[PDB]
Amino acid sequence: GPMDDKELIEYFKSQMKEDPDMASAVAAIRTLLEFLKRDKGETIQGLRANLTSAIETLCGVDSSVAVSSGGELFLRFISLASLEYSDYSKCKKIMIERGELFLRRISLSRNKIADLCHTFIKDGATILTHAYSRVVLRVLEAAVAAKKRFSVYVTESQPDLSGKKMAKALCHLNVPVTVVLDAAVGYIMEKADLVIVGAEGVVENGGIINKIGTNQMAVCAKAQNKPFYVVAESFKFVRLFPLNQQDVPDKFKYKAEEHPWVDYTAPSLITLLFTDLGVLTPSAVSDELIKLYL
Amino acid sequence: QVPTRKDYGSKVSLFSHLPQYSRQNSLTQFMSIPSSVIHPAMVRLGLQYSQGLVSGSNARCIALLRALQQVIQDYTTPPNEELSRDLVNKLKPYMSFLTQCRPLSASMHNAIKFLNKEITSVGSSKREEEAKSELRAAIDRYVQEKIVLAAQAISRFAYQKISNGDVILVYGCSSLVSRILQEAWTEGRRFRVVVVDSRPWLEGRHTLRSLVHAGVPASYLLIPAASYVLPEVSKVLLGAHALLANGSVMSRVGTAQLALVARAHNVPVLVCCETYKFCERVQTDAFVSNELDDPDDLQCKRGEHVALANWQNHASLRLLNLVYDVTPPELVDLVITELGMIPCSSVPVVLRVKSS
C-alpha cells in the first residue's frame, strides 16, 4: 500500500535510533500511528487487517513483549474509535488526534512513574536491581534529585552485559553502585533493603515478563521478606496467563545450549507495581484489562 | 502431715489440669512451729519460693542445693537403716512440699536427679560423716562445674559471635545473657543492646540496670513494640530455662513470639543455655506443661480505676497468667553451650554424651 513492509521496518528502526531514550513499544506505537496517517483506505475492515499485518511485521522485527502489547492496545483503540463513530471519514480524524494525545501521554508516563515511585526509597537504603532499565534509571535520578543518599547493587546480566551499562549510567550521576554476578543475587539479598526492577510486559494476573534473571531474584527476595517493587508503563499490559515458565510463548523467549531471554514472575512475589496509573496491587491489572475489553 | 495448698480463682478450661495458687496464701500457716515434719531449711526455701524472693532458674537451683547441703549436714542416720535409702525417702516429702510451694524448674529437676543418683551411689560400708562430707563436696563441685565454668565457657564462645557496631536484642532477665554481654564489652567489643520486657514481672529492668552499670549503651521497650525495633537489630540473644529433647526451647512466655517476629525480619536467633538444663522430655505446645502464676498480678492501675479489680465477681471472666512458652527448633538459628556452637537438633546428642 502507501507504506511498504521495507519502509515500515526502516521507519521503526530510524525512530528507535534517532531517540535512544524512547522504548521499543513507544516507537512501535508511533510507527503504527504513522502507518494509519498514510493508508489511503476507505474501509475500517481493511484498515484493521492492514494494521494487524503491520503489527505482525513489527513483532517480526523485534521479539519483545512490549511491542505486541502496544499492537494489541492500538487494535483496541481502533475498535473503540470505530465503535464511537460509524462513518470512516469522520472516524479517521478522531483516530489521528486521539493517537497524538495517546503518544503524548505515553511519553509523559515515564516521568509520572518516576515522580510517583521515588518516594519509596529511604535515606541510606540499599536498592537491588537486575539489569538495565530506563524507568529504574529515571526513578533513581528523581530520588537523587530529592537529596537522598542510597547505594545500588546491579547484576551483570550475563547474556548481554546491560548491568554494566546500568552501572555506568548510574555512576554518571555520582551514585554509589556495585556490580555482582547473576549467581550472587541470593548472596547479596541480605544486604539490600528493597528490590526495584523493570518489566517488559505485565500479564493478566499481575505477574510480569522480564529478563531471564528476574524470577530467581524475586524468589530470593521473597525467601528473605524483602519488598519486590516493579516499575512498568501502562502500554505493557497484556492479556496473557502463563501457568508456568514453559507456558510463556516461544516468540518472546528466543531471538531477542538453550538460552531463553525472558521469564515470568507470579503476582504473589510482587509487592506493588508503579505505573502511570499510580501505585497498584497486582490485582488491579486484571481489573484494568477487564474494563478495557468491555 | 503436710496439707494440700488450695487452688485460687477459676482457671481457664484448657489449663484446668494445672495448679494455680495465691501469693498471699502460704502453706506454713498450717504447719507446726518449730517445723518437725519438714526441715526448717526447706520451710524457709519454700517460703521464699512461694513469695517470689528468688526467681531465676540458676538462683533457684543454687538455693535448692544450699538447702539440701544444710539438710545433709543436719541429717543423722536411724538405727538399723541405710543412708542411701533413708536419705532419699526423707528428701521426697521435702521435694513434695517445695513443689506445693511452687512448681519445680527444669534445672531444679536435673539437680534433684543428680543428687538422688549421688546419694544412691553412697556405699553402705561408708562412714556417716565421710558420706556427708562427700555429698557436700559433690554438691559444691556440681554447682561449680555446671554454673560457673559453664557460664565462662559460654561467654568465651559468644565473644566470637559479637562484632563491633552490631545491635543485640535481649529479653527479660537472664544471668547468662548479662554475663556474656558484660565480658563482651570488657574485652573491647563496642555495641548497643536492646532490652525487651513484658508484664507483669518486668524482669528485663534488672538486666537494664546491669547494662547501665557496665557502661554498655542500652534501650528499653515492651514486647508488643518489638516488631518496631527489629529492623535495626543485628542479632537476637535469648536465655533458656530448659532445652527439650526435640530441640525446642522452653523459656519465659514471649520468647517464642520474639523468635517468630525476628524470623519475620530476617535476623539471627541465638539461644544460650548450660547443658545441665537439657531435658529428656518433649513438649509440642505451652498447654500440656506450664505454670499458672497469681492471676491478681495482672491487675494494673491505669488512671484512677483498676478494671480487673474484683474480677471474680463476673462468673464468665477468667484471668490467665502463663509463665512459660515453647519455641519450635525451626525458629532458633544457633545454640551456645559450654560444649561449643551447636544447632537445636544436637540437643539430644548432648543428652547422649552427658549421661554416658
Side-chain angles (χ1 to χ4, degrees), chain B residues 49 54-66 68 95 98-99 102-118 139 141-158 170-180 203 207 237-256 259 269-283 286 289-291 323-329 331-356:
Chain B
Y49 278 159
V54 294
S55 269
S57 38
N58 280 333
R60 283 174 87 192
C61 186
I62 285 157
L64 169 72
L65 292 167
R66 295 293 169 247
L68 283 157
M95 311 315 314
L98 286 181
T99 307
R102 211 204 145 161
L104 314 182
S105 68
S107 57
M108 264 159 104
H109 283 300
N110 294 337
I112 289 151
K113 284 194 268 273
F114 152 79
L115 185 49
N116 279 331
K117 182 163 186 291
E118 270 282 347
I139 292 186
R141 175 180 34 257
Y142 183 86
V143 171
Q144 190 69 22
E145 265 140 47
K146 297 305 171 54
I147 315 277
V148 189
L149 301 178
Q152 271 148 220
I154 289 163
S155 197
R156 238 132 39 208
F157 277 124
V170 304
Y171 179 51
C173 179
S174 176
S175 46
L176 193 48
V177 171
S178 288
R179 163 86 146 278
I180 282 155
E203 299 154 336
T207 43
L237 180 57
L238 295 164
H241 282 66
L243 283 208
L244 308 179
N246 65 294
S248 86
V249 183
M250 188 276 270
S251 193
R252 175 68 75 261
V253 66
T255 301
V269 168
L270 293 76
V271 166
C272 56
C273 189
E274 306 96 332
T275 58
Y276 92 104
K277 279 164 171 192
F278 286 14
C279 303
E280 309 265 4
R281 46 174 268 263
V282 289
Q283 186 176 350
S289 167
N290 210 313
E291 185 191 318
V323 175
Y324 303 109
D325 67 357
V326 183
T327 318
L331 284 184
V332 178
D333 288 74
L334 167 63
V335 179
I336 317 173
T337 66
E338 75 249 43
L339 267 65
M341 315 228 84
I342 65 173
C344 270
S345 71
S346 270
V347 167
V349 173
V350 179
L351 287 162
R352 186 185 77 242
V353 300
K354 292 316 212 174
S355 100
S356 67

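Side chains are part of it too, since the values below use all heavy atoms of this structure and drop only hydrogens, waters and symmetry mates. Within every chain, numbering begins at 1; the chains are lettered A, B, ... in the order of the sequence lines, protein sequences first and strands thereafter.
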Within a strict 4.5 Å, meaning less than it, do heavy atoms of the [X] and [Y] side chains meet?
X: B/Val350; Y: B/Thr337; value: no
X: B/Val253; Y: B/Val323; value: no
X: B/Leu243; Y: B/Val249; value: yes
X: B/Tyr171; Y: B/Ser251; value: no
X: B/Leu176; Y: B/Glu274; value: yes
X: B/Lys113; Y: B/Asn116; value: no

message: Would B/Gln283 and B/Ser248 count as a side chain to side chain donor-acceptor pair (under 3.5 Å) here? Give the steps.
response: CA-CA 8 Å; B/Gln283 186 176 350; B/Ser248 86; over 6 Å; no

Quick check: closest heavy atoms across [X] and [Y], and the distance to 0.1 Å?
X: B/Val335; Y: B/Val332; value: CG2-CG1, 4.2 Å
X: B/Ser155; Y: B/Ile180; value: OG-CA, 3.4 Å
X: B/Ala245; Y: B/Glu280; value: CB-O, 3.3 Å
X: B/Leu331; Y: B/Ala256; value: CD1-O, 4.1 Å
X: B/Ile336; Y: B/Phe157; value: CG2-CB, 4.0 Å

field: Working for side chain to side chain contact (heavy atoms under 4.5 Å, CB included), residues B/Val177 and B/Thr207
entry: CA-CA 9 Å; B/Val177 171; B/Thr207 43; 6.0 Å; no

Quick one: [atom1] on [X] to [atom2] on [Y], what's the gap to the nearest 0.5 Å?
X: B/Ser289; Y: B/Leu244; atom1: OG; atom2: CG; answer: 8.5 Å
X: B/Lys146; Y: B/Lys277; atom1: NZ; atom2: NZ; answer: 13.0 Å
X: B/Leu98; Y: B/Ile112; atom1: CG; atom2: CD1; answer: 7.5 Å
X: B/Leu68; Y: B/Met95; atom1: CG; atom2: CE; answer: 6.0 Å
X: B/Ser174; Y: B/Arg179; atom1: OG; atom2: CZ; answer: 11.5 Å
X: B/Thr275; Y: B/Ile154; atom1: OG1; atom2: CD1; answer: 7.5 Å

- request: Assess whether side chain to side chain contact (heavy atoms under 4.5 Å, CB included) is satisfied between B/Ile139 and B/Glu118, documenting all intermediate values.
  value: CA-CA 9 Å; B/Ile139 292 186; B/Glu118 270 282 347; over 6 Å; no

Judged by atom type as modelled, is there a donor-acceptor pair below 3.5 Å linking the side chain of [X] to the main-chain atoms of [Y]?
X: B/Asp325; Y: B/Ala286; answer: no
X: B/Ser57; Y: B/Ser107; answer: no
X: B/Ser346; Y: B/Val349; answer: no

- request: Give the intermediate values and the outcome of side chain to side chain contact (heavy atoms under 4.5 Å, CB included) for residues B/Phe278 and B/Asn110.
  value: CA-CA 8 Å; B/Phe278 286 14; B/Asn110 294 337; 5.8 Å; no

- request: Fit a plane to each ring of B/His241 and B/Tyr324, take the angle between them on a 0 to 90° scale, and name the class: parallel (under 30°), tilted (30 to 60°) or perpendicular (over 60°).
  value: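 Answer is perpendicular, since the angle exceeds 60°.
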
field: Candidates B/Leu270, B/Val269, B/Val271 - the one meeting side-chain contact (heavy atoms from CB on, under 4.5 Å) with B/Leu237
entry: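 For B/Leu237, the side-chain contact (heavy atoms from CB on, under 4.5 Å) check succeeds only for B/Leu270.
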
- request: In sequence, state the C-alpha distance, the side-chain angles, and the governing distance for B/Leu104 and B/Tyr49, and then conclude on side chain to side chain contact (heavy atoms under 4.5 Å, CB included).
  value: CA-CA 10 Å; B/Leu104 314 182; B/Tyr49 278 159; 5.9 Å; no

